[PDB]
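Asks: Right, I'll just put the structure down here and ask away after.
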4 protein chains.
Amino acid sequence: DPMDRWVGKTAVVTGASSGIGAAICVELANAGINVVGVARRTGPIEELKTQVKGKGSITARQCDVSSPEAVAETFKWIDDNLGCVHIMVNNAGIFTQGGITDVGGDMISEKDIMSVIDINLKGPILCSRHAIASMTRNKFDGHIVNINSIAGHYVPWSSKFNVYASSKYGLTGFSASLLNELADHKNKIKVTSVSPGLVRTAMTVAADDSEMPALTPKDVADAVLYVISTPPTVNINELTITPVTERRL
Amino acid sequence: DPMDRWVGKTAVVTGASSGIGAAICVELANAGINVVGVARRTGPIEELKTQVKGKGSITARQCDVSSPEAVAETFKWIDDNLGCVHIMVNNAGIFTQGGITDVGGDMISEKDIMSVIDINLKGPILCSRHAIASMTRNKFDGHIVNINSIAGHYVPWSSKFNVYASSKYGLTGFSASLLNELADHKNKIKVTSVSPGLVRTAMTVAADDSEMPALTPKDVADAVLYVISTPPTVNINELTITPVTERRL
Amino acid sequence: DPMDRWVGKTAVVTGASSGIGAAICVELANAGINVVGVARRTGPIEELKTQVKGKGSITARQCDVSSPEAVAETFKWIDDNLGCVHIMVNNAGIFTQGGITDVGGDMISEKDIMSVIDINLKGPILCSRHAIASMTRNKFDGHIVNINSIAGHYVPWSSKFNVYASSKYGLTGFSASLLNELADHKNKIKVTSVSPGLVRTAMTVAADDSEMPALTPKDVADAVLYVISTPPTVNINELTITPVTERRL
Amino acid sequence: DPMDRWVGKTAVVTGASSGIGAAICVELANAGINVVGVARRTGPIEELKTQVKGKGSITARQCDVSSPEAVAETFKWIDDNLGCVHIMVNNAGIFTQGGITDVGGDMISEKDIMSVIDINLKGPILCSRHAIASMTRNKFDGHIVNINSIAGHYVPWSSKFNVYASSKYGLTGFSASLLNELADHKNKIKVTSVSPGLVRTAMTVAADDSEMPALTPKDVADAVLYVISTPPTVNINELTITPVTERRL
Ligand SMILES: NC(=O)c1ccc[n+]([C@@H]2O[C@H](COP(=O)([O-])OP(=O)(O)OC[C@H]3O[C@@H](n4cnc5c(N)ncnc54)[C@H](OP(=O)(O)O)[C@@H]3O)[C@@H](O)[C@H]2O)c1
Ligand SMILES: NC(=O)c1ccc[n+]([C@@H]2O[C@H](COP(=O)([O-])OP(=O)(O)OC[C@H]3O[C@@H](n4cnc5c(N)ncnc54)[C@H](OP(=O)(O)O)[C@@H]3O)[C@@H](O)[C@H]2O)c1
Ligand SMILES: NC(=O)c1ccc[n+]([C@@H]2O[C@H](COP(=O)([O-])OP(=O)(O)OC[C@H]3O[C@@H](n4cnc5c(N)ncnc54)[C@H](OP(=O)(O)O)[C@@H]3O)[C@@H](O)[C@H]2O)c1
Ligand SMILES: NC(=O)c1ccc[n+]([C@@H]2O[C@H](COP(=O)([O-])OP(=O)(O)OC[C@H]3O[C@@H](n4cnc5c(N)ncnc54)[C@H](OP(=O)(O)O)[C@@H]3O)[C@@H](O)[C@H]2O)c1
Ligand code: NA
Ligand code: NA
Ligand code: NA
Ligand code: NA
């Protein structure tokens, strides 16, 4: 069974309290992995424990991935308590509807526009550096999965998207340059960008979304479990997953 | 079991006589699908029948996918003999090492340079049109899988690549515009681009490739079976699969 | 004056009878270049001669760029009559509104769908090979300009676009691989992709286009003259030019 | 003369003390524009004044574009002293050679890896928001030019590039989403991404670069003056400029 090498290993999943990240934590735990689920608000993560049917576990830890200090505190706690990080899932992300500028009367705040870059692009850079330092310390070839977006690969028509696409284009380039760097030094850690179209979560992408095709969080988690299950010599660089009949925004 | 809806259905796989396409035909047949494997030379396809362990089958038919007449003859035979096409796998493709021009003393022939476009880009356009006409005639939402390349998404450094990358950039755009068109008319047929890095097959990509990481044909077929297995409401638009430590050419 | 090195040289411009190509021929001739304008119908090209104010000229020749034989006959006539090709402008192209398939009741003919690939992608491959063979025979570092499209860089939402975007994605990859090949062999011929948004020409992109921002043919020709004017050591790989306030289709 | 509408207007150019930005400031001033050149170290900007031959001017101001407070102080000084910002050139940027991780023994510091995102991506977001607020306050349709990179459009092979490509992919997406937003609200401000290959400046891209083709700073400034010169109804969305025979890293 391809998930056997992962039973009993440790996965860190950012954005674990809601949405895609909450579904990844349950599917990993059901596969026998010990998950450390992190978010700024941990109450909902604690509650996922009642859905674990398999032999893995879910542990909640508080962390704002935009803050280098908070990320270092979480990785130090993991190292002290669980040991090696075997899987890193950079799933936390935000989206604020409105404009870069006020030409449409919907400019987002400067705090929000900076936050979208810090969480969606800086967050995965900082977490990937801590995860890989743990993996290489432990002589272990693990797997980094970055939850990207179709908007990391095309420019949305909607003018509500501000710098969200910019952050995900950032993450496309980051993901590829990280895998490039590992490969150039003959290191066997895997990196995958998983890019969803619309998913029903707590992220409001379109307020008027009730009639639009939308994936479930489990559909995305299912795709993440497939890419972790692939053999140690096989990378899935990119897996773009969208609901059928989607019309991108 | 997610492959249950596919048992007993018909898949057409171009480039079935060798490489990735031969591995797709065996993995589909082992999953209970009746495969029609096509290539310009059918002897090796006939031989794959001895590897079928499951309840599906493999039938060889001769076809040059660059020829509209040959493609129409094969689709007419399928319609007359097996009925609806449920899965279409556009896997046939070629690569000729050398240049567009003679500036390096390795210009490829005009026949070869035209052939690479006709097989790798026209072939999937013609086969997808026949497959979708069959699916919609039969009121069936099937799945089109196009075997692309990492070189459909970046420009190779090697000057041996001529218009191969152009043909695969063509196929990236084709694949996305086809799924766009189906979605815009609320049609639920799925389309996937699967983009491999180096795979050990009969295609000579690099003559000096013995030390390079390379996927096996089964690794690619495994990824094709995963995308066909996904639920009817879930598209995998793109699945890029590469051997670990690959340094793209 | 940066256009001085070009006065008295020979430019070949495909699609010269209408639209962007007719405007390129007049702007080149006004700059002192001797233009050979080609299209399937030459009457309108003959008429551009009355607009030449400068010291260059415009000569009409009949050629269907999708046909290897017609392209070879035109290049042989040029070689026999004018000598070296110094500038090649691959501007001819077509667009047929409607679908790859009939799911929307607007499927384009198989002849048309094959023609779009043959003219828009094969045509520039064949012309570039003849132009570069002429340049290198003559020990001259000339300039290849390919008229691409914004749709060579993103997938249109409109389902009227069929394989047009595929052909222009093809041309993006072709253009880059050609410049890659020249550079890898230390050859100094320049290659530029010029990618327009909507331009008012004889190509019907949107039937309901009267209120949409649209470039004029001269705006595009102006950009082509800028890229030819750049110094021999400076490449403009890509110049994307769009009317202000455009909303891509 | 197409630069007439710009004589006497105000341009802000970040990264003015060296390299491409210093060359842009002199070429703009020679065209009659009043330039405000900004960088963290202003001494070299003061010195460019002796190269102004035309009727424009160069004024030095200190600003770290990664700091929202420093950017707001500079824009407030400009508003108080010169008035409307007519042209914004986001040219400041950094590159630190080495890795995201330490797998190759060349990991860059966490301060540096965060700085590359803050300067190269946050900087242009903050400056563009202040510039556009000034333009729209003044009812003026100006021009935003972002100095990107070929590495904002492909993933470098070199493992010395860390998150530099990520930052420039960020800037590609930012630039396009900004122009998207302006167009969607029928605003006529122009946005251009100018993407150079190697340029000889104070940025060390390759330590062993003496034999590589390299643009001069003036070549890039020349391309920036061309895109500002284009008519008010014509956008140059992207202008990629590279030295001839370049082999991208
Ligand atoms: N249609 C879609 O929903 C869609 C489409 C494609 C891609 N995505 C991507 O999917 C990923 C998951 O989002 P989702 O759709 O599941 O949205 P969601 O339901 O809002 O979940 C976002 C999760 O991230 C956490 N988070 C946000 N900022 C954080 C930070 N600074 N530090 C730590 N945790 C943080 C949130 O919890 P806290 O607020 O408590 O910290 C929450 O757990 C994101 O990267 C998103 O861009 C979503
Ligand atoms: N490293 C790699 O091998 C690699 C990497 C990424 C992508 N790919 C893609 O993988 C696909 C499969 O190629 P492969 O690597 O498995 O190579 P392969 O072993 O050479 O197989 C190519 C198959 O296509 C058939 N074929 C070629 N031209 C055809 C035509 N005109 N009509 C019908 N069949 C045709 C060949 O048989 P006949 O000659 O008998 O017709 C053979 O069955 C291609 O699209 C290729 O571009 C391969
Ligand atoms: N909005 C736009 O118009 C737009 C946008 C972006 C890109 N483009 C690109 O701009 C280029 C020029 O088109 P246009 O807009 O100027 O359209 P146009 O007015 O229709 O001109 C097309 C020209 O190409 C010629 N042509 C077509 N097929 C040919 C072939 N097989 N052999 C030789 N000549 C051929 C046509 O003449 P014959 O029919 O007599 O041969 C005509 O001279 C095309 O590559 C197009 O894709 C146009
Ligand atoms: N091969 C190349 O050189 C090349 C290739 C393509 C793209 N680019 C892009 O070209 C642009 C210009 O760089 P260059 O090559 O001319 O390099 P350069 O000679 O090092 O100039 C960089 C300029 O940016 C300023 N700067 C850096 N960080 C800043 C910050 N936080 N705040 C304000 N100013 C800042 C620097 O001055 P201070 O340190 O005093 O602040 C200097 O004036 C960059 O965006 C770069 O990515 C360069
Ligand atoms: Na991977
Ligand atoms: Na799909
Ligand atoms: Na060029
Ligand atoms: Na512009």
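Residues in the structure tokens are named by chain (A, B, ... in the order shown) and by number from 1 within that chain; ligands are numbered from 1 in the order shown.
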Just asking: which residues within stretch 12-170 of chain A are helix (DSSP H, G or I) according to DSSP, as a short mmCIF file (atom, residue, chain, number, x, y, z; two decimals) with C-alpha atoms, in the first residue's frame?
Replies:
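To be explicit, this is the file written out as states.cif:
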```
data_model
loop_
_atom_site.label_atom_id
_atom_site.label_comp_id
_atom_site.auth_asym_id
_atom_site.auth_seq_id
_atom_site.Cartn_x
_atom_site.Cartn_y
_atom_site.Cartn_z
CA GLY A 19 -11.82 24.63 4.74
CA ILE A 20 -9.25 22.68 2.76
CA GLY A 21 -6.72 22.52 5.58
CA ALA A 22 -9.23 21.00 8.07
CA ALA A 23 -10.08 18.32 5.46
CA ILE A 24 -6.38 17.58 4.83
CA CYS A 25 -5.79 17.12 8.56
CA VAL A 26 -8.62 14.56 8.90
CA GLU A 27 -7.64 12.63 5.73
CA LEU A 28 -4.00 12.51 6.83
CA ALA A 29 -4.82 11.36 10.35
CA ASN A 30 -7.17 8.71 8.94
CA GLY A 43 -10.54 25.92 18.69
CA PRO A 44 -11.93 24.40 15.49
CA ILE A 45 -8.77 22.26 15.02
CA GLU A 46 -9.24 20.69 18.44
CA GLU A 47 -12.73 19.73 17.29
CA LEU A 48 -11.50 17.77 14.25
CA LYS A 49 -10.15 15.08 16.61
CA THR A 50 -13.65 13.58 16.88
CA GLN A 51 -13.62 12.84 13.17
CA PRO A 68 8.86 34.72 11.40
CA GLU A 69 8.83 34.58 15.21
CA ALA A 70 5.52 32.66 15.45
CA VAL A 71 6.67 30.19 12.73
CA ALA A 72 10.00 29.60 14.58
CA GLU A 73 8.15 29.05 17.87
CA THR A 74 5.82 26.47 16.27
CA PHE A 75 8.70 24.59 14.53
CA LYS A 76 10.71 24.58 17.77
CA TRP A 77 7.71 23.09 19.64
CA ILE A 78 7.30 20.45 16.94
CA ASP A 79 11.02 19.57 17.04
CA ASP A 80 10.99 19.35 20.86
CA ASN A 81 7.77 17.28 21.04
CA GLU A 110 -2.94 48.81 3.14
CA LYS A 111 -2.82 46.35 6.05
CA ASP A 112 -4.93 43.85 4.03
CA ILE A 113 -2.94 44.28 0.81
CA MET A 114 0.33 43.67 2.66
CA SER A 115 -1.19 40.77 4.61
CA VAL A 116 -2.17 38.90 1.45
CA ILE A 117 1.49 38.85 0.32
CA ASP A 118 2.84 38.07 3.83
CA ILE A 119 0.43 35.12 4.47
CA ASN A 120 0.08 33.63 1.00
CA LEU A 121 3.71 33.99 -0.17
CA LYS A 122 5.99 34.74 2.79
CA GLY A 123 4.20 32.10 4.92
CA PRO A 124 5.05 29.17 2.65
CA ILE A 125 8.67 30.41 2.23
CA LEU A 126 9.23 30.55 6.00
CA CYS A 127 7.47 27.21 6.73
CA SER A 128 9.27 25.43 3.86
CA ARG A 129 12.64 26.61 5.18
CA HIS A 130 11.92 25.27 8.66
CA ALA A 131 10.44 21.99 7.35
CA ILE A 132 13.40 21.31 5.03
CA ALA A 133 15.93 22.15 7.79
CA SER A 134 14.15 19.49 9.91
CA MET A 135 14.06 16.94 7.10
CA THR A 136 17.73 17.32 6.20
CA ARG A 137 18.79 17.31 9.90
CA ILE A 150 -5.87 28.51 -10.64
CA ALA A 151 -5.12 32.22 -10.16
CA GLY A 152 -1.46 31.35 -9.70
CA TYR A 164 -4.23 37.73 -4.74
CA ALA A 165 -3.19 36.48 -8.15
CA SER A 166 0.18 38.16 -7.68
CA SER A 167 0.68 36.23 -4.43
CA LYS A 168 -0.20 32.91 -6.14
CA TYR A 169 2.00 33.67 -9.19
CA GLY A 170 4.63 34.24 -6.48
#
```
Asks: Taking only C-alpha atoms and all ligand atoms and a cut-off of 8 Å, can you tell me which residues surround ligand 2, written as number ranges by chain?
Replies: B: 14-22, 38-42, 62-67, 90-95, 115, 118-120, 123, 146-151, 168, 195-205, 214-215, 217
Asks: Name each residue within 6 Å of ligand 7, counting only C-alpha atoms and all ligand atoms, as a list in words.
Replies: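 I would give the residues around ligand 7 as residues 190, 191, 192, 235, 236 and 237 of chain C.
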Asks: Could those residues be written to a file, using N, CA and C atoms, as an mmCIF file, in the first residue's frame?
Replies:
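Once written, out_36.cif looks like this:
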```cif
data_model
loop_
_atom_site.group_PDB
_atom_site.id
_atom_site.type_symbol
_atom_site.label_atom_id
_atom_site.label_comp_id
_atom_site.auth_asym_id
_atom_site.auth_seq_id
_atom_site.Cartn_x
_atom_site.Cartn_y
_atom_site.Cartn_z
ATOM 1 N N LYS C 190 17.949 38.366 -34.899
ATOM 2 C CA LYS C 190 16.980 38.743 -33.848
ATOM 3 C C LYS C 190 15.610 38.125 -34.128
ATOM 4 N N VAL C 191 14.880 37.821 -33.046
ATOM 5 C CA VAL C 191 13.524 37.313 -33.167
ATOM 6 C C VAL C 191 12.663 38.061 -32.170
ATOM 7 N N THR C 192 11.521 38.566 -32.631
ATOM 8 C CA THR C 192 10.571 39.263 -31.745
ATOM 9 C C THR C 192 9.183 38.679 -31.916
ATOM 10 N N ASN C 235 17.870 42.542 -28.220
ATOM 11 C CA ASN C 235 16.671 41.856 -28.714
ATOM 12 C C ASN C 235 15.424 42.365 -28.003
ATOM 13 N N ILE C 236 14.332 42.554 -28.746
ATOM 14 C CA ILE C 236 13.044 42.667 -28.030
ATOM 15 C C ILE C 236 12.369 41.309 -28.219
ATOM 16 N N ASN C 237 12.421 40.494 -27.167
ATOM 17 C CA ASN C 237 11.848 39.156 -27.320
ATOM 18 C C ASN C 237 10.321 39.194 -27.492
#
```
Asks: Smallest atom-to-atom distance to chain B: which of A:183, A:194, A:212, A:189, using only C-alpha atoms?
Replies: A:183
Asks: Dump as a ChimeraX atom specification the residues of chain B that approach chain D to within 9 Å, counting only C-alpha atoms.
Replies: /B:154-155,157,247-248
Asks: Which residues in stretch 88-244 of chain C does DSSP call strand (DSSP E)? List them as a list in words.
Replies: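 So, restricting stretch 88-244 of chain C to strand (DSSP E), we get residues 88, 89, 90, 143, 144, 145, 146, 147, 190, 191, 192, 193, 194, 195, 196, 234, 235, 236, 237, 238, 239, 240, 241, 242 and 243 of chain C.
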Asks: Which residues of chain A come within 10 Å of ligand 6, and for each one, what is the closest pair of atoms and their distance in Å to one decimal, counting only C-alpha atoms and all ligand atoms, sorted by chain and residue number, as JSON lines?
Replies:
```
{"residue": "A:240", "atom": "CA", "partner": "ligand 6", "partner_atom_place_in_ligand_line": "1 (Na)", "distance": 9.0}
{"residue": "A:241", "atom": "CA", "partner": "ligand 6", "partner_atom_place_in_ligand_line": "1 (Na)", "distance": 7.6}
{"residue": "A:242", "atom": "CA", "partner": "ligand 6", "partner_atom_place_in_ligand_line": "1 (Na)", "distance": 7.7}
{"residue": "A:243", "atom": "CA", "partner": "ligand 6", "partner_atom_place_in_ligand_line": "1 (Na)", "distance": 8.7}
{"residue": "A:244", "atom": "CA", "partner": "ligand 6", "partner_atom_place_in_ligand_line": "1 (Na)", "distance": 7.6}
```
Asks: Name the residues in contact with residue D:106 at a cut-off of 9 Å, using only C-alpha atoms, excluding same-chain residues fewer than 5 positions from it; report them as JSON, numbers by chain.
Replies: {"D": [97, 98, 99, 100, 101, 160]}
Asks: Please measure the separation of atom 26 (N, counted along the ligand's line) of ligand 3 and atom CA of residue C:105, giving the value in Å to one decimal.
Replies: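 So the answer is 26.9 Å.
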